[PDB]
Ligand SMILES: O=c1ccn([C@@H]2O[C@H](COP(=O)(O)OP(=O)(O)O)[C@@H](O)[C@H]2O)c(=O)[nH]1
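One chain comes next, on its own, written as C-alpha cells: the form solved without the named molecule.
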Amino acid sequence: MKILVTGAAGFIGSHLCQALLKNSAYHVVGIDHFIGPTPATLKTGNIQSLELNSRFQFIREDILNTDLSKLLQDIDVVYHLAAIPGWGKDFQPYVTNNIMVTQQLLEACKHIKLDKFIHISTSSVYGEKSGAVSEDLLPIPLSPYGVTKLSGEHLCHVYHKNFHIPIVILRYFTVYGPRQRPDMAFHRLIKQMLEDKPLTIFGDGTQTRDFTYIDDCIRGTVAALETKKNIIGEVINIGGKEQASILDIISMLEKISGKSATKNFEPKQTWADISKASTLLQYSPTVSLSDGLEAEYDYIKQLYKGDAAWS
C-alpha cells in the first residue's frame, strides 16, 4: 500500500508519516514546501528520523507548483494535512494554501483510483459552542483559518458527490505534544516557563477546552485508513481524553518543572463530541494531560536549550 501525506514536515504530518511506516507493508510519500507559522529552521527537525526510513520518499515542493499526476501515480491513499493554520492583507496565503491547494489536489484525484482521500480539517470551522461540539452542528467560523478550512471541506463534498472521490473529513481539536507548532498555546507557555518569563494568558484562563495528545490524534488518523466500517462521505471529530483550563495546564506544568509562573492575564466550557469516531474508528484517546504535558515539556527543553541535531 502506498500513501501520500501532504504537509509531512509539519507537526501532525511528521508524526503521521512515522506511525504509518511502523507497518512494514506501507510506503509513504511526503510533500511539504516549508511555509506557514513554523520557521523552516525549527521544521527540519520534524523529519530527522523520517528520512532514515527507506520506505519514505520526501518531496520539497509547493503542491501548487509540482507534477500532481506524477505525485499521485501508484498512490492508494491521500492524507491531506497541508494548510496554513492559526487577517488584514495576510488573507491570500490562507485562500491559496487551504482552498486552491485542496481544489487542485481534488482535481488531480479524479483521474486516479483511490481507496480514500482523508482530508484533515479543524474545530475552528465550528466557531463558538458551549458544551459538546458534534458533527451535525451548524458551522459559523469566527477566524479566516476556520473560513478557508471549511471551504476546503465543502470542496471535498462537491468532488465526492460529482466525481466519486472517496473523501473522509477528520476535524482535529487542539493537538499538543512533541513538535507542537511554536504559535500554539502549550509551546508558548512552556517556552515562557523555561525562560523564567511572564506566561501570557488571554482572559481569566478558567475556560475549559478539549486537548488531544499527538499519539491519540495519530491513532484516530490511522484508524480512518484501517477501519472495516464504510466511512466515505463522513465528517469525524478527533478530540481529547481530558478537558482543562489554561490555569489547570499551568498547574500541571509547575508540577512538571517545579517552578512558579508570573501570570500575565469564550464559552466557559466546550469539548469535542468524539462518539462518531468511537463508533466508526474504535477511537479512544488514552494519554493523560500530565503524561502528554511532560512529553511536550521535555521536547521544548531540548528544542531551545539542548544540543540535538534538531536543536
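For every residue, the number given is its place in the sequence shown, counted from 1. Superpose the two forms; the largest set of C-alphas matching within 1.5 Å is the rigid core. Shifts are known only where both forms have a C-alpha.
The protein also exists as the form solved in complex with the named molecule; that form is not presented, and the subsequent description refers to it.
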Query raised in the report: So in the deposited complex, does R209 come within 4.5 Å of the named molecule, heavy atom to heavy atom?
Result: yes
Query raised in the report: Even though the named molecule is not shown here, does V29 get within 4.5 Å of it in the deposited complex, heavy atoms only?
Result: no
Query raised in the report: With the partner left out of view, is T227 within 4.5 angstroms of the named molecule in the deposited complex by any non-hydrogen atom?
Result: no
Query raised in the report: Taking heavy atoms and a 4.5 Å cut-off, does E266 contact the named molecule in the deposited complex?
Result: yes
Requested in this report: Given that the partner is absent here, state which listed stretch (106-114, 209-217, 159-167, 131-139) has heavy atoms within 4.5 Å of the named molecule in the deposited complex.
Outcome: 209-217
Query - Among the candidates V95, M184, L72, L194, the residue which, in the deposited complex, approaches the named molecule to within 4.5 Å (heavy atoms) - result: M184
Query raised in the report: Who in 187-202 is close to the named molecule in the deposited complex, meaning a heavy atom within 4.5 Å?
Result: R188, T200, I201, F202
Report task. Give the option from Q104, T208, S143, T96 whose C-alpha shifts by 2 Å or more between this form and the one not shown; the alignment is on the rigid core. Result -> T208
Report task. Go ahead and list the segments of at least 3 residues in a row whose C-alphas all shift 2 Å or more between this form and the one not shown, with the rigid core as the reference fit. Result -> 206-208, 266-270
